[PDB]
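Q: Have a look at this one before I ask anything.
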Amino acid sequence: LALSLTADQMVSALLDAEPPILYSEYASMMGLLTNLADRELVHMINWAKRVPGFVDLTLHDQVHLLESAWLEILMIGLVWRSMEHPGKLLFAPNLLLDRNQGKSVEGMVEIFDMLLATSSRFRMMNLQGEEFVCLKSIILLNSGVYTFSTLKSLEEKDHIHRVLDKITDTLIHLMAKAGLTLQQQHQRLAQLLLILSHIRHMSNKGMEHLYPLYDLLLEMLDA
Amino acid sequence: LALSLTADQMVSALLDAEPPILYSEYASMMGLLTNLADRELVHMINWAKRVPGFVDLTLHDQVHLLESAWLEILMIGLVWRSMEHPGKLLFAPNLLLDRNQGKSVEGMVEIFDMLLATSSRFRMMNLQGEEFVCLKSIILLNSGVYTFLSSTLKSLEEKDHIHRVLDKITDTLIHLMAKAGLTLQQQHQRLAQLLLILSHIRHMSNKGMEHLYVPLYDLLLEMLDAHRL
Ligand SMILES: CC1CCN(CCOc2ccc(C(=O)c3c(-c4ccc(O)cc4)sc4cc(O)ccc34)cc2)CC1
Ligand SMILES: CC1CCN(CCOc2ccc(C(=O)c3c(-c4ccc(O)cc4)sc4cc(O)ccc34)cc2)CC1
């Protein structure tokens, strides 16, 4: 069980599960981002399976979690790799775009600015890679949890909450190691989890304009 | 002022600021729900003005925060007062609805279920009143925070102040947990659990907004822009 892993073992599992940074393959704009996202999703599915506690869930529940988190997950990766590129979003090393090039779509402008603002927040906070991988894991486990009343669902949520607790402990550990005081540790933990609400929001806004999916992701998880 | 408060002072100030519980005035049901929400907004504004640090902000920034947070705030109040009624949503003491009453309206069963689920979660965690008021204040200060239109010096000043207040509220939550006997581990875990629930509350507001949809901006503005007569 994921529940007996030490903090160091958890960080180390998450660091080893990290997908690679993918490249763009080249109006053409949405085609290029569509193609990049779809390739990313294949690696995300494999990363998911390596997140401690994830394959303990039913196949149905795994698919639910991925259906609910996949865009937030692409967004937090985007924002992470954009940290060192103020004013720009590094979709791929060969696809670094600004809000002006974001205007080139329909409605994504304001979301572009939101993504840019999250990136600045991370840079400002000096988010570490070890912290980022825990955040990503938290999104995967958390996003779909409150939308799976049977007894089995009740077991599924309890497991997720215990794995989530383990990831909280891991985050606090990293901060402790980094030399922050206890007051700085609770404050930074809160600040990062609050950013996860903003990521949920950007994801919702992203979904409204990019528009079943569950079935598509089921075929993928199977494949 | 707000930044000098102790945790105990923050909590008293938050408990003192709570709005009243309103009654339903009597789809008949969407008309009822709409009237209720409209009347609660007026009190929500008075409550927001008593949230430590809120009235230090510009009028424009106050309006933005409420425009971003208002449905989140109505929802978390709903979930809080639904806690003692498993399976039901207490919109008002004379308006307790179950999930099947949601279907009687165009597309809200999914949100209904999400709301009951959050209520159950709060129940399952034994959420305290003191923790509830901190969470509601966090929502207000956080929801519109990363959507300020500008990166002006003033705006930078505003953002910094809100982050300092948010840190204070986090300090106060930890404070309540330390006094309830929780170990450091349990304190950080419970903190995280509660903050993750805000992510779901955001989601529910966004979905609720889609389903629901004089511009709201103008109405909060008029309502918040009070004379001193
Ligand atoms: C099983 C299905 C999976 C999805 N397929 C459709 C493919 O969808 C997508 C098409 C485009 C984008 C996108 O533009 C991306 C982001 C975004 C979206 C909306 C918005 O307003 C602002 C930004 S962030 C981001 C990060 C990346 O690393 C990669 C892409 C994006 C995203 C998805 C269909 C098959
Ligand atoms: C100044 C403006 C303010 C808004 N007016 C428009 C009208 O607004 C609203 C109309 C209805 C509802 C609502 O039904 C409520 C909730 C909800 C919303 C959507 C959904 O899918 C499921 C539940 S939760 C909740 C909690 C309450 O205490 C009170 C109501 C609700 C909410 C707002 C117009 C004037």
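If you go along the chain as it appears here, the first residue is 1 and each next one adds 1.
Cβ from N, Cα, C; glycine included.
According to Swiss-Prot:
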BINDING   A:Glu40, A:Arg81, A:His209  17beta-estradiol binding site
LIPID     A:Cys134  S-palmitoyl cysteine
MOD_RES   A:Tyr214  phosphotyrosine
Q: Just how spread out is the 17beta-estradiol site if you go by the largest Cα to Cα distance in Å among A:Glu40, A:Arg81, A:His209?
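A: Site span for 17beta-estradiol, by Cα atoms: 23 Å.
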Q: Any idea what the Cα distance is from A:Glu40 (17beta-estradiol binding site) over to A:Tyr214 (phosphotyrosine), rounded to a whole Å?
A: 17
Q: Can you give me the Cα-Cα distance between A:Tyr214 (phosphotyrosine) and A:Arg81 (17beta-estradiol binding site) in Å, rounded to a whole number?
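A: That separation, Cα to Cα, works out to 28 Å.
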Q: What's the straight-line C-alpha distance in angstrom from A:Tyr26 to A:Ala27, 8 residues unmodelled between?
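A: Spanning 8 unmodelled residues, the Cα-Cα distance equals 13 Å.
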Q: Work out how many Å separate A:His209 (17beta-estradiol binding site) and A:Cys134 (S-palmitoyl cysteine) at their Cα atoms, rounded off.
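A: Rounded to the nearest whole number, the Cα-Cα distance is 29 Å.
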Q: Do you have the Cα distance in Å for A:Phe148 and A:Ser149? The stretch of 2 residues between them isn't modelled.
A: 8
Q: Measuring CB to CB from A:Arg81 (17beta-estradiol binding site), give everything in the same chain under 8 Å that is also at least six residues away in sequence.
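A: Within the chain, A:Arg81 (17beta-estradiol binding site) has Cβ neighbours under 8 Å at A:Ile21, A:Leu90.
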Q: Near A:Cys134 (S-palmitoyl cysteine), which residues of its own chain have a C-beta under 8 A away, given they sit six or more steps off in sequence?
A: A:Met10, A:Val11, A:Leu14, A:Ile167, A:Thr170, A:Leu171, A:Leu174
